[PDB]
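For neighbour counting, all protein chains shown are included, and Cβ atoms are generated from backbone atoms with ideal geometry for every residue, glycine included. Where a number appears in this text, it was derived from the coordinates with a stated rule and is not lab data.
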Amino acid sequence: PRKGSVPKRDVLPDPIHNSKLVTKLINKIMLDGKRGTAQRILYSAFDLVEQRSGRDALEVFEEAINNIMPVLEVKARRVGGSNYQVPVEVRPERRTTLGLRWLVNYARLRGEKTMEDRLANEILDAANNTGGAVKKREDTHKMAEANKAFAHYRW
Amino acid sequence: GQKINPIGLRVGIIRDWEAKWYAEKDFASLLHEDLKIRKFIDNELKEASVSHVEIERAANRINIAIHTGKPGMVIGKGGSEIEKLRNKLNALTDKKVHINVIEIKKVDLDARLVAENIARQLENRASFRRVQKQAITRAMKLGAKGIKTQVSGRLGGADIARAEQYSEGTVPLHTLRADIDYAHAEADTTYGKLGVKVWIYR
Amino acid sequence: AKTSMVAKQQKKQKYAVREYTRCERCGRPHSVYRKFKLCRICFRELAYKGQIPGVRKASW
Amino acid sequence: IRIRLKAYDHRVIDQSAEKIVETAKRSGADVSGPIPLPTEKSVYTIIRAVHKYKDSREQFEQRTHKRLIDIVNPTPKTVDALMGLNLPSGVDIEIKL
Amino acid sequence: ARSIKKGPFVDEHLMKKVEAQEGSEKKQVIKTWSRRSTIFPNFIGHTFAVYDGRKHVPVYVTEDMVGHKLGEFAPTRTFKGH
Amino acid sequence: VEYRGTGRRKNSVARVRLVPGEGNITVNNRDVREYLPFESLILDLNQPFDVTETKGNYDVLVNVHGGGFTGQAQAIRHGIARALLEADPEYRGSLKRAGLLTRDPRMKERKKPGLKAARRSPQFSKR
Amino acid sequence: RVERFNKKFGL
RNA sequence: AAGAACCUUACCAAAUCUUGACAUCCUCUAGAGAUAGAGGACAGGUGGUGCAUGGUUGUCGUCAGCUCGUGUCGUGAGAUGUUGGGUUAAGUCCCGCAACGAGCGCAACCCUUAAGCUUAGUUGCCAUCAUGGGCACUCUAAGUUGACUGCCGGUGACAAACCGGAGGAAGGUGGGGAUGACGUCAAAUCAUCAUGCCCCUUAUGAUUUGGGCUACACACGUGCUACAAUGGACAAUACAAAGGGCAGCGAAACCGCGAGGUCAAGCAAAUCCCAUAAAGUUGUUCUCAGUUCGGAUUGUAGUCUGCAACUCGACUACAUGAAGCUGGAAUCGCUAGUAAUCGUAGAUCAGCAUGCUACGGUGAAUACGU
Ligand SMILES: [Zn+2]
């Protein structure tokens, strides 16, 4: 807004895994205002995945949100007959908003049945640099490359 | 419809209703009982200077207080006509006790009497710029902190209607704790209806 | 119109499905309370002068 | 002995209640201090416009305040003040004996 | 509709002028307004002139009408096409 | 030898009664893990107990009224902490730095007319 | 129809 | 329009009426029924013109404005003040300056919300005890506390202010309301009401029955229900508030597969009733198909209110099983307990809501900047 800036809202850790990267992933999972049926989907997919792969539940999830952290990205201006897409560098707290919704809306776009395991097959494929969520820090990373020419039009 | 009836911003706050009584049932009868009589002092005492009526109930009998800026007229010598209304209202289906005449002296500081020494001077065809400019003119001498006035409509015949407001002193309408009076009226003439609205602050 | 239709509503009609209220100040059918017998114009035009007990505005 | 207090304004419902409870404390009898009971707010929204403008409305209301008073030792001379009618014309008292 | 415990509703004068030629020679059409009364078996054979608002239009009561109302068989609106 | 405190949150009122004992919390004839349905609320209504570092020293003994499960699981935590500046009031420097002696005034908002909600306008088409 | 009517009521 | 089967009802056809359906002064009998047979001074109009009015109302817009006296400047129209350096949500404040002051606005005085403290203890509350007894706890509501850039650092010497800090329940007009300047639009309203001018007066007035506003090739505005697996279904199991209630809420019992019926306590109501909150939670289950999804449309058989649900009311049982797989061009709301979903409650009301005015439970995501 014009007048200035504001804070955000600072959420207290999970009961169990003891991070705030799993409270801010329920707020991406929650919908319509129902934190009941979002905490089935998020503790039934740390142990629907913890079987499949024999290391911890939180180091195969937290490497599943660090292949997805887009480091560059495009923003726009106009010219007067063209409208060029500039590439800007991404802050250290916006890469954590996008990795966590590039992982949860690339899960309703999947052909499994119950979203215990869509979210479960997407934290284990995305841990190996592959599939849906983690081409999209690659969709979004040529566009900051193709446009490497228009960088001087920056702010 | 831009601004708000200074009795309406100010009842409850610093004003008190002109019907101080209580009913749960019989509210639909005990209210329209009063309109039935209040509109009877509004044709019976039309030619005297009354500016409020209250209607106070206790144990199946009423206690009215007409405020009559010109007493002497309302009563009669020896109370001979303050009772002649009392036997006129008891035909309002009860015995209607205790008419009580209080007198107002500074008779130009009342938005109901002022409003009508204007509104009745226009049906006798006075100018509309000196009927009002002489009551902004009487009422700061008596002590007002601010008076304001306005006539409205077909002023002097003219086929197009305007509003012509003169004013004086401080009349702070928006402040809540300040007590401000007001009253419409309306003159009727060869041309239609006039709109006299007076506003006194003190 | 009015002054013909109100004097056929202060008149007990056949079947008591047939008592429409119709305000007892002006005559208007149209939005009329029971606790007052006063439509939406007259409640506001009377509760401003102050002649309806216990009423003020509401600011909660 | 159980009595009730009503009025649309609170200014004469304590000016009344705690005015005449020591009309009982006059003689030999003691009464429970007045107990306030849940008061009610009714509310009616109407249309400001005489014609076609919903969305511009106006609200009003009307309350009723209630008050409790009960005494614990009536004498032959503690209810002969029952008709001490001095309440200021708005209040409505409820006696049930 | 009406109920089991209430009967059928017939308008109290559509019966008397029908049970007044109980045993009579011929049937002349009966002049009605009561579109709202039900049809009994008694009417079977009658041709009533009901009211559709401006004209009494006639229909003759048969035995497949014997649970209906008198005015289901008399249009009120007119609509030829657009 | 029990301490006292009322805390409110959002139209729930809960009266809490700190005693000397071991970790356990009973609410309205019930064990709160039958009372509270998420493990999210039973972690932070003993937030007071990890800021002062008296993790297990008390049995809790709550009485609740109003609201739903969040506002009751949260009017409580304002009892546990407004009954522990009553035992050692010199605890009060640090139970107030975690922001735990705020009543939290954020209530539910009036509905306004000609709007479909507090702040939700009707759909605008201009033509 | 005629029989149905009488049966439902009593006639 | 905060309630169209009659009435409402201001339109239609038939059946009818003349000082009038309303002021004022002088039990049987024909009938769809009103109605009948028995036992003049004048009213009146929901007729016309909102471009002849008064009152009331939207709008730009809660935007920071809109001027006046007296002085000066200008041949005058006009200007100044009201600009300028700063800052503020704010013509809000300081400083400067041919202006010096003042009015309407702005803020604040008003409510309702977030911590307390005296007064009080039924109908409320239940700590210390077996509901007796208690006023603690919390609730109710009167009085009265409280929030002012008071204080404390350091950038400003335009001087205001600005960022941070510490007592605090809340910190910088706390959160939300009422509160709507001068004028603009010859905006809306002669139909709620009153009314100048012009019309009608065996009618353009008046009373009934029935019809109509519910008409359907179609095009638009506001909503509602869904297209499912964060779902269906059918079982155990918790937790709110805000309000209505006399010829009106209407319990427990019984009867019904169900809408609901018959009996009937108590309550003019902090006591009693409406009143189960539904989301939620623990479970069995179904496993991607126009499906157990979805609930339109019809035939049937019923329940209620009412003189009467035929045109044309809500509900329930059984059968019927429609289009709909997340939306073209473009378009809308919302900055916090708000958006989204979920349920309750009121006014109109015999009867009928998906609409309007309220109320609380669960409750996010983002605001780099300009
Ligand atoms: Zn009216």
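Looking at B:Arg154, B:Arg162, B:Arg112 in this structure, which one is among the basic types (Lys, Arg), free of Cβ contacts under 8 Å to residues at least 12 places away in the same chain and away from the ligand (no atom under 16 Å from the Cβ)?
Sole residue among the options that is among the basic types (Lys, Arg), free of Cβ contacts under 8 Å to residues at least 12 places away in the same chain and away from the ligand (no atom under 16 Å from the Cβ): B:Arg162.
Identify the single condition in (1) surrounded by 13 or more Cβ atoms within 10 Å (Cβ to Cβ); (2) closer than 24 Å to B:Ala19 by Cβ; (3) within 13 Å of chain C (Cβ to nearest Cβ) that D:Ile47 does not satisfy, given that it satisfies every other one.
It is condition (2) that D:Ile47 fails.
Consider C:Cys26 carefully, then state whether it is more than 8 Å from every other protein chain (Cβ to nearest Cβ), farther than 22 Å from D:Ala7 by Cβ and out of contact with any strand residue (DSSP E or B) (no Cβ under 8 Å at 6 or more places or on another chain).
Against the criterion (more than 8 Å from every other protein chain (Cβ to nearest Cβ), farther than 22 Å from D:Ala7 by Cβ and out of contact with any strand residue (DSSP E or B) (no Cβ under 8 Å at 6 or more places or on another chain)), C:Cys26 does not qualify.
Conditions tested, residue by residue: (1) more than 14 Å from chain C (Cβ to nearest Cβ); (2) near RNA strand H (Cβ under 6 Å from one of its atoms); (3) over 19 Å from B:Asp110 (Cβ atoms); (4) out of contact with any strand residue (DSSP E or B) (no Cβ under 6 Å at 6 or more places or on another chain).
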{"residue": "B:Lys148", "(1), (2), (3), (4)": "yes, no, no, no"}
{"residue": "B:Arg162", "(1), (2), (3), (4)": "yes, no, yes, yes"}
{"residue": "B:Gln165", "(1), (2), (3), (4)": "yes, no, yes, yes"}
{"residue": "B:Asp179", "(1), (2), (3), (4)": "no, no, no, yes"}
{"residue": "B:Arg202", "(1), (2), (3), (4)": "yes, no, no, yes"}
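Give me a count of the residues in region D:62-91 that are in contact with a helix residue (DSSP H, G or I) (Cβ under 8 Å, 6 or more places away or on another chain), surrounded by fewer than 17 Cβ atoms within 10 Å (Cβ to Cβ) and more than 12 Å from every other protein chain (Cβ to nearest Cβ).
The number of residues fulfilling the criteria is 2.
Working only within region D:10-33, note down all residues that are within 6 Å of RNA strand H (Cβ to nearest atom) and over 26 Å from C:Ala58 (Cβ atoms).
Once the filter is applied, which keeps residues that are within 6 Å of RNA strand H (Cβ to nearest atom) and over 26 Å from C:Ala58 (Cβ atoms), region D:10-33 yields D:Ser32, D:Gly33.
Is one or more of the residues making up region A:86-108 among the charged types (D, E, K, R) and closer than 17 Å to A:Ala45 by Cα? Spell out how you get there, then give the answer.
Here is the first cut: in region A:86-108, the residues among the charged types (D, E, K, R) are A:89, A:91, A:93-95, A:101, A:108.
Okay, now just the ones that are also closer than 17 Å to A:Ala45 by Cα, so A:101, A:108.
Among the residues of region A:86-108, at least one is among the charged types (D, E, K, R) and closer than 17 Å to A:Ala45 by Cα, which makes the answer yes.
Between F:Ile80, F:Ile42, which is surrounded by 19 or more Cβ atoms within 10 Å (Cβ to Cβ) and either more than 10 Å from RNA strand H (Cβ to nearest atom) or within 14 Å of another protein chain (Cβ to nearest Cβ) (or both)?
Values: F:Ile42 fails: surrounded by 19 or more Cβ atoms within 10 Å (Cβ to Cβ).
From the options F:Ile80, F:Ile42, the qualifying one is F:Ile80.
Out of the residues in region C:35-60 meeting the condition of being at the interface with another protein chain (Cβ under 7 Å from one of its Cβ atoms) and in contact (Cβ under 8 Å) with a residue 12 or more places away in the chain, tell me which one is nearest to D:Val91 (Cα to Cα).
Of everything passing the filter in region C:35-60, C:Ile52 is nearest to D:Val91 (Cα to Cα).
Yes/no per residue for (1) polar (S, T, N, Q); (2) part of a loop (DSSP other than H, G, I, E, B); (3) closer than 26 Å to B:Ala187 by Cβ:
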| position | (1), (2), (3) |
| --- | --- |
| B:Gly69 | no, yes, yes |
| B:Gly72 | no, yes, no |
| B:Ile82 | no, yes, no |
| B:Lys106 | no, yes, yes |
| B:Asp110 | no, yes, yes |
| B:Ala115 | no, no, yes |
| B:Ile160 | no, yes, yes |
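Can you work out which of the residues in region C:18-60 that are farther than 20 Å from C:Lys2 by Cβ, charged (D, E, K, R) and near RNA strand H (Cβ under 10 Å from one of its atoms) is surrounded by the fewest Cβ atoms within 10 Å (Cβ to Cβ)?
Here the answer is C:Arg34.
Yes or no, residue by residue, for (1) within 12 Å of RNA strand H (Cβ to nearest atom); (2) within 25 Å of B:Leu45 (Cα to Cα):
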{"residue": "B:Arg112", "(1), (2)": "no, yes"}
{"residue": "B:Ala115", "(1), (2)": "yes, yes"}
{"residue": "B:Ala119", "(1), (2)": "yes, yes"}
{"residue": "B:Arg125", "(1), (2)": "no, yes"}
{"residue": "B:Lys145", "(1), (2)": "yes, no"}
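Here are some residues: E:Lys27, E:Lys80, E:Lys16, E:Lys5. Which one is in contact with a strand residue (DSSP E or B) (Cβ under 8 Å, 6 or more places away or on another chain) and assigned to a loop (DSSP other than H, G, I, E, B)?
Result: E:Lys27 is the single residue among E:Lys27, E:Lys80, E:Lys16, E:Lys5 that is in contact with a strand residue (DSSP E or B) (Cβ under 8 Å, 6 or more places away or on another chain) and assigned to a loop (DSSP other than H, G, I, E, B).
From (1) exposed (fewer than 13 other Cβ atoms within 10 Å of the Cβ); (2) away from chain C (no Cβ under 14 Å), pick out the condition that doesn't hold for B:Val114.
The single condition B:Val114 does not satisfy is (1).
List, please: which pairs have Cβ atoms under 9 Å, are six or more places apart or on different chains, and start with a residue in region A:1-20 that is more than 14 Å from chain F (Cβ to nearest Cβ) and within 10 Å of RNA strand H (Cβ to nearest atom) and end with one that is of a type outside the set (A, V, I, L, M, F, W, C) and in a loop (DSSP other than H, G, I, E, B)?
A:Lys8/A:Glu93
Filter region C:4-31 down to the residues that are more than 16 Å from the ligand (Cβ to nearest atom) and among the basic types (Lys, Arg), then identify the one that is farthest from D:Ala49 (Cα to Cα).
Ranking the qualifying residues of region C:4-31, first place goes to C:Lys14.
So which residues in region B:34-90 are among the β-branched types (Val, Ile, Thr) and closer than 19 Å to B:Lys105 by Cα?
B:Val50, B:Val53, B:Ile66, B:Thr68, B:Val74, B:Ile75
Kindly establish whether A:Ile41 is assigned to a loop (DSSP other than H, G, I, E, B), surrounded by 15 or more Cβ atoms within 10 Å (Cβ to Cβ) and more than 8 Å from RNA strand H (Cβ to nearest atom). Walk me through it before giving the result.
Details: assigned to a loop (DSSP other than H, G, I, E, B): yes; surrounded by 15 or more Cβ atoms within 10 Å (Cβ to Cβ): yes; more than 8 Å from RNA strand H (Cβ to nearest atom): no.
The answer is no for A:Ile41.
Name the single residue, out of those in region D:25-44 being surrounded by 12 or more Cβ atoms within 10 Å (Cβ to Cβ) and within 14 Å of chain C (Cβ to nearest Cβ), that is nearest to B:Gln2 (Cα to Cα).
D:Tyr44
Working only within region D:33-59, note down all residues that are farther than 18 Å from C:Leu46 by Cβ and in contact with an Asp or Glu (Cβ under 7 Å, 6 or more places away or on another chain).
If the condition is that a residue be farther than 18 Å from C:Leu46 by Cβ and in contact with an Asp or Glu (Cβ under 7 Å, 6 or more places away or on another chain), then D:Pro34, D:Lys41 are the ones that fit.
Only one of (1) among the acidic types (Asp, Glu); (2) part of a helix (DSSP H, G or I); (3) surrounded by 13 or more Cβ atoms within 10 Å (Cβ to Cβ) is not met by D:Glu22, so which one is it?
(3)
Among the residues in region F:57-70, are any more than 26 Å from F:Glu34 (Cα to Cα) and within 11 Å of RNA strand H (Cβ to nearest atom)? So that I can check it myself, show each step before the final result.
Going residue by residue through region F:57-70, those that are more than 26 Å from F:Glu34 (Cα to Cα) are none.
No, because not a single residue in region F:57-70 is more than 26 Å from F:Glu34 (Cα to Cα) and within 11 Å of RNA strand H (Cβ to nearest atom).
Quick check on this structure: which one of A:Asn67, A:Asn128, A:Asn121, A:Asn83 is more than 14 Å from RNA strand H (Cβ to nearest atom), among the polar types (S, T, N, Q), surrounded by 15 or more Cβ atoms within 10 Å (Cβ to Cβ) and more than 14 Å from chain F (Cβ to nearest Cβ)?
After applying the criteria, what remains is A:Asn67.
Among the residues of region F:56-68, what is the count of those that are over 25 Å from F:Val1 (Cα atoms) and surrounded by fewer than 14 Cβ atoms within 10 Å (Cβ to Cβ)?
So in region F:56-68, the residues over 25 Å from F:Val1 (Cα atoms) come out as F:66-68.
Going one step further and asking which of them are surrounded by fewer than 14 Cβ atoms within 10 Å (Cβ to Cβ), we end up with F:68.
Count: 1.
Restricting attention to helices (runs of 4 or more DSSP H) lying wholly within region F:1-109, give those where 2 or more residues are hydrophobic (A, V, I, L, M, F, W, C) and more than 26 Å from A:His17 (Cα to Cα). Before you say what the answer is, go through the steps one by one.
Working: elements: F:32-35, F:48-51, F:69-75, F:77-80.
In region F:1-109, no matching helices (runs of 4 or more DSSP H) lie anywhere.
Going through region B:134-189 one residue at a time, which ones are over 25 Å from B:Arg15 (Cβ atoms) and either polar (S, T, N, Q) or in contact with a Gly (Cβ under 9 Å, 6 or more places away or on another chain) (or both)?
B:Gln134, B:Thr137, B:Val151, B:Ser152, B:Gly153, B:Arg154, B:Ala161, B:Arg162, B:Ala163, B:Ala187, B:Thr189
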